[PDB]
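Residue numbers (PDB author numbering), protein chains in the order written: chain 6, 103 to 198, 260 to 416, 428 to 463, 500 to 712; chain 7, 255 to 592; chain 2, 387 to 483; chain 4, 183 to 212, 223 to 285, 292 to 469, 504 to 593, 600 to 729, 741 to 841. We put the beta carbon where it would ideally sit given N, CA and C, even for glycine. Report on the following structure.
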Amino acid sequence: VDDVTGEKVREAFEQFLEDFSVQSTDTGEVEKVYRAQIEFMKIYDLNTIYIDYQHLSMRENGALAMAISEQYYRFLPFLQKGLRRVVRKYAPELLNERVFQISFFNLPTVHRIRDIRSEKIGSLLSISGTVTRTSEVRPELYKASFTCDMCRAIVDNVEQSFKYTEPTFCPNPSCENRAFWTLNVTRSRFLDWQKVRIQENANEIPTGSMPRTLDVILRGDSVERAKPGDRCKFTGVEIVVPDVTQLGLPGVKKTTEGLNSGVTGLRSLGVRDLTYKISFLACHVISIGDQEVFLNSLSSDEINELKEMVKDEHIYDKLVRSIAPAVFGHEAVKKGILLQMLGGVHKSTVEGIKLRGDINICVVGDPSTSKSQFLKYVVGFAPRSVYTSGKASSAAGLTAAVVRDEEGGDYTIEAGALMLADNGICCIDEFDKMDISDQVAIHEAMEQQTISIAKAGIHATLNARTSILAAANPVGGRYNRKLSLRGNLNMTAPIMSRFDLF
Amino acid sequence: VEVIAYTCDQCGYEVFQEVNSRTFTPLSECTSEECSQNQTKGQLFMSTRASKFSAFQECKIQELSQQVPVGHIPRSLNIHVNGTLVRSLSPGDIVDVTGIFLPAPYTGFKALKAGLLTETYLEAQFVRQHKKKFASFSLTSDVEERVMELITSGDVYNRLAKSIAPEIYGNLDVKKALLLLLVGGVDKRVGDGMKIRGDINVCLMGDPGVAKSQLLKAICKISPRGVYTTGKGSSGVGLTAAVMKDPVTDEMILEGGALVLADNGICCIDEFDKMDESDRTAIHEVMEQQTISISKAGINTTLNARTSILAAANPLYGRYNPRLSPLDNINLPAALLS
Amino acid sequence: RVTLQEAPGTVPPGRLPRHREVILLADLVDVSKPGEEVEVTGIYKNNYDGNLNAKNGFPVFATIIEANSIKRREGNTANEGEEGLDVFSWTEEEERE
Amino acid sequence: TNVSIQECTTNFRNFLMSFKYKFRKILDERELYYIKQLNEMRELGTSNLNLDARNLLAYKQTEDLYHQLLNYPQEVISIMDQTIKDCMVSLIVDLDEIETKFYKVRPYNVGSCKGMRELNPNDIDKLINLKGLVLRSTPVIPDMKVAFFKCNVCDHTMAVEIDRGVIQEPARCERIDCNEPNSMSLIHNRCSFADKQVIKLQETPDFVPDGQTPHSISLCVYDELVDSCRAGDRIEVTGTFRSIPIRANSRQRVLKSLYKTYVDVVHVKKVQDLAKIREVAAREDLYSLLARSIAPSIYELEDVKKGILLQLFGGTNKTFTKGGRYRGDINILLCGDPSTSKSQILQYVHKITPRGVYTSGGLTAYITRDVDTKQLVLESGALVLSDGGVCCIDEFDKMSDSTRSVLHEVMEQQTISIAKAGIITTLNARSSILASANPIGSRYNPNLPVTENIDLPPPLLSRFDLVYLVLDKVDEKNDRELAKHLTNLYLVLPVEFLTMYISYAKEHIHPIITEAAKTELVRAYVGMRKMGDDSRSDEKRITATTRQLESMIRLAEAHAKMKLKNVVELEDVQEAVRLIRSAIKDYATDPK
DNA sequence: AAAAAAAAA
Ligand SMILES: Nc1ncnc2c1ncn2[C@@H]1O[C@H](COP(=O)(O)OP(=O)(O)OP(=O)(O)O)[C@@H](O)[C@H]1O
Ligand SMILES: Nc1ncnc2c1ncn2[C@@H]1O[C@H](COP(=O)(O)OP(=O)(O)O)[C@@H](O)[C@H]1O
Ligand SMILES: Nc1ncnc2c1ncn2[C@@H]1O[C@H](COP(=O)(O)OP(=O)(O)O)[C@@H](O)[C@H]1O
Ligand SMILES: [Mg+2]
Ligand SMILES: [Zn+2]
Ligand SMILES: [Zn+2]
Ligand SMILES: [Zn+2]
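Written out as C-alpha cells, the structure reads:
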C-alpha cells in the first residue's frame, strides 16, 4: 500500500527545499538558503541539515507545516527520502549511503515538564530544563547485516527496534533458515548514543513540591552538547519506551504497589504484562544559560577599528581611562588591573624547568573604599574568571579535597576555586581569614603553577595555572600610617614575596 | 477470598470456584455448552461483584517477662483472625486468646528446603481483652455517689498530695505542685487568635538520692498520658516516627517532625542535662504548644504538640555549691530555663 | 584485564572521569601497576551484551581495548627528547659510548 | 442491571428540565439550575457538569436513581453522559462543536466522609467520600487504548480496539491476497494512549485519637484530574472502591489469597478592586494606620513597625548594562533579651508577606539522595525559595560557622554557585533578610557595647541595612501600661487587601528619585560627616560610610514606593534620615 | 546489622 499522504508531503518538502528562494537583504537578490547549505556540506563534508520551523511555517500554511509537525514519526522516512532524492539530484558524491540528519529549530513556543501529556506522542515539541547527569558515548546498532549460517547467504539492511532483532527468512530457495544468523560486525553501521537527564527549574516549581524528572536520548552530532548544571532547550519528538525485559531477549531475565497499565495476550509476551514509560528524543540542543588566526576573521570594522586603535598616538592615555567607568578615582589600580589582564609571556627552559609568567596583585585599604567593585568588574569582564571568598563552606576550600562515599568505591578528588580558575583570573575576597592548610598550599600554588596531593591511596599532580587578585582589610579596621605593611598586616612574609604589586 | 466467580461472556451459567489455600490459580476454559462447542466463545473473566469475600487480619503475640526462664529470650507467635471478631484487639494489652493451633506450609517461601519442617500459626476463636478500661470518665451512678463522697470529704488536694507516693517521705510542696500540674492551667485560647496553653512546665532540681526519679515513676503510673523518655538509649522516641521503615513492604510511613504522644501528653525526662543537641532542639521546639515542622522529604504533617513538660536534673558537680546559684543552674541555656 | 580511568591532569576541572576496560595478552602481564599513569596503544573493538541492552532499552554495544603497547608516564612528563616505549633503555653503541 | 436503561434516563431528563432549587430552599426552610448552566456551557464551550446529591435527593423519583447510582456507578454515569450529550441537540433546537467534545459529570456529597480505619469488604464497588492529605505523586503513566499493527510483508496497517487491557491479537492479515499469518509486528509509537496517574493519600490526623499511626490509601486519576493536586494538599475526594488480585510471581500464573485495595475517584475538592486602593491610598494618615495594622497585639514599638513595614514594601531594582545590577533588598536585625515577644513579629511577617520562608538556626542548595526512588536529584535551599520575598531567620547567634560564610556571599552578591558531583551552576537569590538574636547572659548590660553581647562577626553586622535594639528596663509607668494592656488583651485591621496592595506596588510602581532630593541627600551626608569630627585632632570614628548613602537611597525609594507615588518628595528623605539616625543615636557605647 | 580504618572539623 502506497502512503500517498507521505508521498505528497515528501514532494512538497523537496519542492520548497528546491525553491525556497528567500531574500535576506537588498544585495541578496536570490540566495537559496538550502542550496547554499548543500554547497556548505559539499565543501566541508557534513551530514546534518538545519531547518527553521518558521521558514517551514508559511509554506502551504498548515497543510504542510502542521502535517509535518504533528505526525512527525509518521512522515520522517518520507522526508528522509525527499532529502536523499534532492541531494542525489544535486550532489551524488556527497552520499559517499550516509546517515543524513535533520534538525528543526525555532519553534513558536516551549513547554514545561509538568505540561507533558500523552496526547502529543509522536509530535514535534520543544522543552527546556537543567541537565543533571549524562552518560558515556556508546555505539548503537542502526542497520544490521546477517549471515545465514547453514548456507552462508547474506541478509542485510535489517531495521532494528528497542530489541535486538534477527531476520526471519532466507531468500535462497534451497534454504529455509532453520538455523539462525550471525551478525556481520564489519558490515553493520553504528551510530552514537548518549542518555541525559533533565528536571524542572526552580522558577516553574511551586511550593516545596518534588521536581519532576524526565529522560532524554541524544543521537548523532548532538553528543556531549548538554553539560551538567546547564539550562538548555531541547527540540525533538516525544516518544514512549517499553520494558524490554518482558520482551523476548537472548539473555536471562513506590514500585511494589504495582497498578501499572499492563497489557497481555500476545504471542511473544506469553503470560507477562508489558509496561511503558515516557521518554523524550532530541535532535537539536541549544543553551540559554596566533595573530594570523585572529586576522582571518576579516570584516570592514575588524580591519578599520583595529588599524585605528593600533596607529593611534595616545592609546595608553585612553586605555586606562576605559577600565571600570563606574568606579570613582583610584587611577593607579585601573592601570594595575589592565596590566594583570594583559599578562606576561610564559617560557620554559631547555631542560624542562618552568617559569612563572603571570602577575599577582593584592589590594589593601580601609573599609568601604570601593575595593570589591574592581573584583566584581574583573569577574564580569575577564573570561574564565571565578569569584570566591577567603573562607569557604565547602570542604574543597581553595585548592582541592578528597571525598569518598561511605563503603562506596569512589576515591575521587573535588576541585577548588583555584582548580576551576585555570587559564584565568581567580578573585579572592577577605584574604585575611584563611586557615593553615590553604595558607600553606597557596605559596606552592602560585610559584609552581601546580598542586600535588597524596592521601588515602590516591596521588596526583594537578595544573593550577592561575592569575590571582586578592583584597585585604588592615588589622584594627583602619590602616595605621605610622607603621609599615608588615606591621599592619597579619599575613605572613613568604606570601608577601609571592605577590608582584601592592 | 472465599468463593471466586468468573463470568462467561453471556454463555449460560457463570462458573464458580472456591479455594481454601493461601495460593490461587485461575481457570482457562469453561463448561458452558456453547463454549464447550468445538470453537471458542468468549474468554472467561473474574467478576468482583459475584465473588464472596471476608475480612482478614494478622497479629503476633509475645511472652510475658514473668514467664520467661532465666537466661533466655522470649519467643513469639502468629495469630490469624477472620470474620466479625476483626479489630477486637489493640497493640499493647494482655489478652487470653483461645483458638485452633494449625500448621502452615513452607512452600510459600519457595526454597525447596525443609522437606518436613513447617511453620505454625493460631486461628483466633475467642478473645478476652482483659487488662483495664480508661472509659473516658463516662458517667455512671456509682461514680456519681463517689463524687458525692468526695464532696462530703471537704478539702481534697492535701489528702491527694499525701496519697500519691507515701513511699517517698516528706516533700509536701512538690506533691502539691504535681497536683497543680495534673489539672492544667488556663487554655482554649483568647480573643483575636492569640495562643495560650493550659500545660504547666515544672523542672525539679536536686542531688542524687532524693527519690525524685521514684516520684517521677509514681507520677507516670498515676497519669494515664504519662510517657518517660531520656537522652538516646532508644532512638525511635524523638524526632522520628515509630513507624519509620516498619512495614514489610518498606513503604516509608512517616509523619516527619513529631514526638511520642506529644498531643495532650505528660512527657517525663530524667537526667535533663544528658540529652544531645537533637532532643534539646525538640524540647525547645515543643515550647508553648508550638507544632514541630521538621521536614526531610517534602513531608509537613506536623504533630500539634500540646504537652506538659516535667523534667528532673542535677548539677554536674553532684552537690550544691556555696557560690552563685546560677553558676549551678541546669547547665542549659537561660532561654530554656526561663 | 584492568580498569582505566581518565588522567586527573587531562580531565576538565569539576567533571567526572570516564572508565574503560583494557585487556592484556601474553608478555604484557603485570607490566602496569595500580596507581601508575600509563599510555596504551591498542585496538578498539565492540561486542554484544545482554543487560546493557536490558537497562538502556536500545541495542547498545560494550567496548573494550585490546592493548598492544604500554608506555609508563609517571612523573617524567618531558616527552620530547627521544622516542620509544622506554627512554631509559640503551643500545650497544650507546653502551660503547 | 437491566432496569435503569429505560425509565431512569427519562425521569432524570424530565427533572433536568424541571428542577428548581426552590425545592431545596423549602427543604431547608430558612432557579432552573440545569438549563441555565447548560446554556452557560453552550456559550462557553466547556464540557463539565457538577452534580450535588442533596439537590438530586430533593425529588421523589430521583432518589431511586440515587440508590441505583450508589450500587452501580459506572453504567449510571455512562448513561447520564449519553443523556447530556443528547441534551446539546435537545436544547439547541451549532452541532459542530458538540460532535468533537465528550461530556462527564462530577458527583459529590453522595455519602458522609468516612475514615480509612473502617473499610469493610461490604463497601466494594460503592461510591464513597474521603478526605485526606496528599503524600506523594507520580509521573503520568501512558495507558494503551488503540493497538496499531502492520503486515510487514505488504506494509498494510489496521487499528485494533482493546478491552480490559487484554489484546486479542489477529493471527492472519485481513488482506487475503497475501493471507500471511506471521507478518504482523506492532508499532509502539503509532498507537493511542491515555494519561493515568497514581496519587498516595494519608488520612487526616483528626481520626487518630490515641497516638496511633496514619494509614495510606492509593488513588487513581485520569485526564483533567492529572496534576490537580500536589504534595501537602488537603483535599476531599468522592469515588468508588476497587479490589485487585496481585501478580506475586511474574513468572507464573499463581495469585495470592489477599487482594490489594485502591479507590478510583471522579471529583476532587480542596479542604475591579483597584478603585478600593486609590480611595485608601489618597488618605493622609494611611502611613500610621498601615504601620500599626501589621501587629495588633504589639504594644508601642511604633518605629520598628514602620521600619519592618517599609522593608516589606521594598525598594526598586535596576540592572543597567554598563555598570551592573544594584541591590534592592533591605536587611534588618533585631536584638534584645527574650522578654520582647520578638518571635511574634517574625511569625506575623512570615504570613503577611506573599513569599517568605521561616526557618531557624541546610539553608541553601545541596544534592540529595532520593528516598522512595533510586535516583539523584538536585534540590534548592530555603534562601533560594525566597526570591523576591523576605526570608525570616530566628536564633541568628546559633548559626554555626560554615553557614555564616554562605550568608556572606548571599548578601554582597545575591547569587549562589554550587560545584558538587560534577554539577557547576549559579542560582539567583534576590531575597531580603529579617533576623533576630539574643545577648549572652541573662540581661544585655547597657554599659557593654553591642558587639560582645550579640557574638557576631563585625563585618556581617556592619553590612546589614539597619539594626534595632530592645532594652526592657524595670519602671513603674511602663510596667503598669504593659500590665493593663496585656490583661485587657487576655480578657482598622485589613485583610489580604494588604497582600494585593503589596503585589500591585511591587509590580506596577517603579518610582525614581528627583534632583530636588539630591541636594538634601548631599546635605545629610555632609551633616553626618560634620558630626564625625570635633575640636580635637583625635580623628574621631568615621560614621558616615557609603553604606549610609545606599541605605538612605533605598529607604527613600521605598518611601516613594508606597502611597503609589511615582517620584520622590522631601518627606521621603526626611523620613529616611530620621529613621536611619534614630538607630544610630542608640548605637553608642558607655562613653559619650 | 555490626566492627574497623581515614580525613576533616
Ligand atoms: N524521701 C525519701 N523517702 C524514701 N526513700 C527515699 C527518699 N529519698 C530517697 N530515697 C531512696 O532513694 C532511692 C531513689 O532515689 P534515686 O537515687 O534513684 O533518685 P535521684 O535523686 O533521681 O538519683 P539518681 O540520678 O542517682 O538516680 C531509693 O532507694 C529510695 O528508697
Ligand atoms: N564609585 C564609587 N566610589 C567610591 N565608593 C564606592 C563606589 N561604588 C561603590 N562604592 C562603595 O564601596 C563599597 C565596595 O565594597 P568594599 O570596598 O569591599 O567595602 P566593604 O569591605 O565594606 O565591602 C560598597 O559598599 C560601596 O558602598
Ligand atoms: N510587649 C509584649 N507584648 C505581648 N507579649 C509579650 C511582650 N513582651 C513579651 N511578651 C511575652 O513574652 C514572650 C517573649 O518571648 P520571646 O522574647 O519572643 O522569646 P524568643 O525571642 O527567645 O523566641 C512572648 O511569648 C510573649 O508572650
Ligand atoms: Mg536520678
Ligand atoms: Zn539461508
Ligand atoms: Zn463464553
Ligand atoms: Zn499482507
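Please determine, among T298 (chain 4), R195 (chain 4), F300 (chain 4), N307 (chain 4), the residue with the shortest C-alpha to C-alpha distance to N247 (chain 4). For the purposes of this step, residue 247 (chain 4) is taken as residue 55 along the fourth sequence, with counting starting at 1. Answer by Cα proximity: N307 (chain 4).
Delimiting residues of the alpha helix (DSSP H) encompassing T795 (chain 4): Counting from 1 along the fourth sequence, the entry for residue 795 (chain 4) is found at position 546. Start and end: 795–810.
Does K314 (chain 7) come out as helix, strand or coil in the three-state DSSP assignment? Position 60 of the second sequence holds residue 314 (chain 7). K314 (chain 7) falls in the strand class under three-state DSSP.
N554 (chain 7) vs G460 (chain 7) beta-carbon contact at 8 Å: Counting from 1 along the second sequence, the entry for residue 554 (chain 7) is found at position 300. Counting from 1 along the second sequence, the entry for residue 460 (chain 7) is found at position 206. Not in contact: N554 (chain 7) and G460 (chain 7) (Cβ atoms no closer than 8 Å).
Buried or exposed (CB count within 10 angstroms, at least 16 for buried), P323 (chain 7): Taking the first residue of the second sequence as position 1, residue 323 (chain 7) is located at position 69. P323 (chain 7) should be labelled exposed.
The beta strand (DSSP E) with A766 (chain 4) in it runs from where to where? Locating residue 766 (chain 4) in the fourth sequence gives position 517, where the first residue counts as 1. Per DSSP, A766 (chain 4) belongs to no beta strand (DSSP E); it is in the alpha helix (DSSP H), 764–780.
Beta carbon proximity, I662 (chain 4) to chain 2, threshold 8 Å: Looking up residue 662 (chain 4) in the fourth sequence gives position 424. It does: the Cβ of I662 (chain 4) has a partner Cβ on chain 2 nearer than 8 Å.
Who are the neighbours of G619 (chain 4) on chain 7, taking C-beta pairs under 7 Å? As a working mapping, residue 619 (chain 4) is identified with position 381 in the fourth sequence. Correct list: empty, because the minimum Cβ distance to chain 7 is about 12 Å.
Output the boundary residues of the beta strand (DSSP E) element that contains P305 (chain 4). As a working note, residue 305 (chain 4) is residue 107 in the fourth sequence. First-last of the beta strand (DSSP E) with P305 (chain 4): 303–306.
Check whether the region 435–444 of chain 6 and the region 384–395 of chain 6 touch, using three or more Cβ-Cβ pairs below 8 Å as the test. no
Secondary structure, alpha helix (DSSP H): runs of 4+ residues fully inside the region 522–575 of chain 6: 525–529, 541–552
Anyone know if the C-beta pair for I456 (chain 2) and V397 (chain 2) falls short of 8 Å? Walking along the third sequence from the start, residue 456 (chain 2) turns up at place 70. Walking along the third sequence from the start, residue 397 (chain 2) turns up at place 11. No, the Cβ-Cβ distance between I456 (chain 2) and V397 (chain 2) is not below 8 Å.
Would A651 (chain 6) pass as a contact of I638 (chain 6) if the rule is Cβ separation under 8 Å? Translated into positions along the first sequence, residue 651 (chain 6) becomes position 441. Translated into positions along the first sequence, residue 638 (chain 6) becomes position 428. No, they are not a contact pair.
Counting C-beta neighbours from all protein chains within 10 Å, is the total for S286 (chain 7) 16 or more, i.e. buried, or is it exposed? Position 32 of the second sequence, counting from 1, holds the residue named residue 286 (chain 7). Counting Cβ neighbours within 10 Å, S286 (chain 7) comes out buried, since at least 16 surround it.
Listed from N- to C-terminal order along the chain, which residues in the region 493–507 of chain 7 have their beta-carbon within a distance smaller than 7 Å of any beta-carbon of chain 6? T503
Given a limit of 7 Å on CB to CB distance, which residues of the region 633–667 of chain 4 reach chain 2? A657, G660, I662
Chain 6 contacts from the region 387–398 of chain 2 (Cβ-Cβ distance under 7 Å): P394, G395
Checking contacts by CB at 8 Å: is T430 (chain 6) closer than that to chain 7? For the purposes of this step, residue 430 (chain 6) is taken as the residue at position 256 of the first sequence. So yes, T430 (chain 6) belongs to the interface.
Is any beta-carbon of chain 4 found at less than 8 Å from that of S489 (chain 7)? Here residue 489 (chain 7) is taken as the residue at index 235 of the second sequence, counted from 1. Cβ-Cβ to chain 4 under 8 Å: no for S489 (chain 7).
Given this structure, state the Cα-to-Cα distance separating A655 (chain 6) from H556 (chain 6), to the nearest angstrom. In the first sequence, the residue the question calls residue 655 (chain 6) occupies position 445. In the first sequence, the residue the question calls residue 556 (chain 6) occupies position 346. For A655 (chain 6) and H556 (chain 6), the distance between alpha carbons rounds to 16 Å.
Do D384 (chain 6) and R350 (chain 6) have their C-beta atoms within less than 8 Å of each other? Your numbering for residue 384 (chain 6) matches position 221 in the first sequence. Your numbering for residue 350 (chain 6) matches position 187 in the first sequence. Cβ atoms of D384 (chain 6) and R350 (chain 6): not closer than 8 Å.
So, is residue 602 (chain 7) buried or exposed, given that buried needs 16 or more other C-beta atoms within 10 angstroms? The structure shown does not extend to residue 602 (chain 7), since chain 7 is modelled only from 255 through 592, so no value can be given for it.
Proximity winner among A527 (chain 4), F702 (chain 4), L707 (chain 4), relative to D561 (chain 4) (alpha-carbon distances): The residue labelled residue 561 (chain 4) in the question sits at position 329 within the fourth sequence. Per the Cα distances, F702 (chain 4).
Taking any heavy atom of ligand 1 as the mark, which residues have a C-beta closer than 7 Å to it, listed down the chain? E421 (chain 7), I422 (chain 7), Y423 (chain 7), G424 (chain 7), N425 (chain 7), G460 (chain 7), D461 (chain 7), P462 (chain 7), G463 (chain 7), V464 (chain 7), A465 (chain 7), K466 (chain 7), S467 (chain 7), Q468 (chain 7), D524 (chain 7), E525 (chain 7), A566 (chain 7), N568 (chain 7)
Spatial neighbours of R261 (chain 6) within its chain, please: C-beta separation below 7 Å, excluding the five flanking residues on both sides. Residue numbering aside, residue 261 (chain 6) sits at position 98 when the first sequence is read from its first letter. Closer than 7 Å at the Cβ level, and outside the excluded window around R261 (chain 6), lie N149.
Leaving aside the five residues before and after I322 (chain 4) along the sequence, list all residues of the same chain whose C-beta is less than 8 Å from its C-beta, in chain order. Here residue 322 (chain 4) refers to the residue found at position 124 when the fourth sequence is read from its first residue. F439, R440, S441, listed in sequence order.
So what does DSSP say about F325 (chain 6), is it helix, strand or coil? Position 162 of the first sequence, counted from the first residue, corresponds to residue 325 (chain 6). Correct three-state label for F325 (chain 6): coil.
Quick check: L720 (chain 4) and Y519 (chain 4), are their CB atoms within less than 8 Å of each other? For the purposes of this step, residue 720 (chain 4) is identified with residue 482 of the fourth sequence, where counting begins at 1. For the purposes of this step, residue 519 (chain 4) is identified with residue 287 of the fourth sequence, where counting begins at 1. Contact flag unset, no.
Taking Cβ positions only, does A357 (chain 4) come closer than 8 Å to chain 7? Taking the first residue of the fourth sequence as 1, we reach residue 357 (chain 4) at position 159. Not an interface residue.
At a cut-off of 7 Å, is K295 (chain 7) close to ligand 6 when judged by its beta-carbon and the heavy atoms of the ligand? For the purposes of this step, residue 295 (chain 7) is taken as residue 41 along the second sequence, with counting starting at 1. Yes - ligand 6 has a heavy atom lying nearer than 7 Å to the Cβ of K295 (chain 7).
Considering only the beta carbon of each residue, do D404 (chain 4) and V338 (chain 4) sit closer than 8 Å? For this step, residue 404 (chain 4) is matched to residue 206 along the fourth sequence. For this step, residue 338 (chain 4) is matched to residue 140 along the fourth sequence. For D404 (chain 4) and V338 (chain 4), no; Cβs fall outside 8 Å.
Rounded to the nearest angstrom, what separates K183 (chain 6) and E120 (chain 6) at their Cα positions? Residue mapping note: residue 183 (chain 6) aligns to position 81 of the first sequence, counting from 1. Residue mapping note: residue 120 (chain 6) aligns to position 18 of the first sequence, counting from 1. Approximately 14 Å between the Cα atoms of the pair.
Chain 2 within 8 Å of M629 (chain 6), Cβ atoms only: The sequence position of residue 629 (chain 6) within the first sequence is 419, counting from 1. Yes - at least one Cβ of chain 2 is within 8 Å of the one on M629 (chain 6).
Does the CB of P528 (chain 4) have a neighbour CB from chain 7 at under 8 Å? On the fourth sequence, position 296 is the one that residue 528 (chain 4) refers to. Yes - at least one Cβ of chain 7 is within 8 Å of the one on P528 (chain 4).
Taking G552 (chain 7) as the query, report the chain 6 residues whose CB atoms sit under 8 Å from its CB, ordered along the chain. Reading the second sequence from its first residue, position 298 is the one you call residue 552 (chain 7). Within 8 Å Cβ-Cβ: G371, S372, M373.
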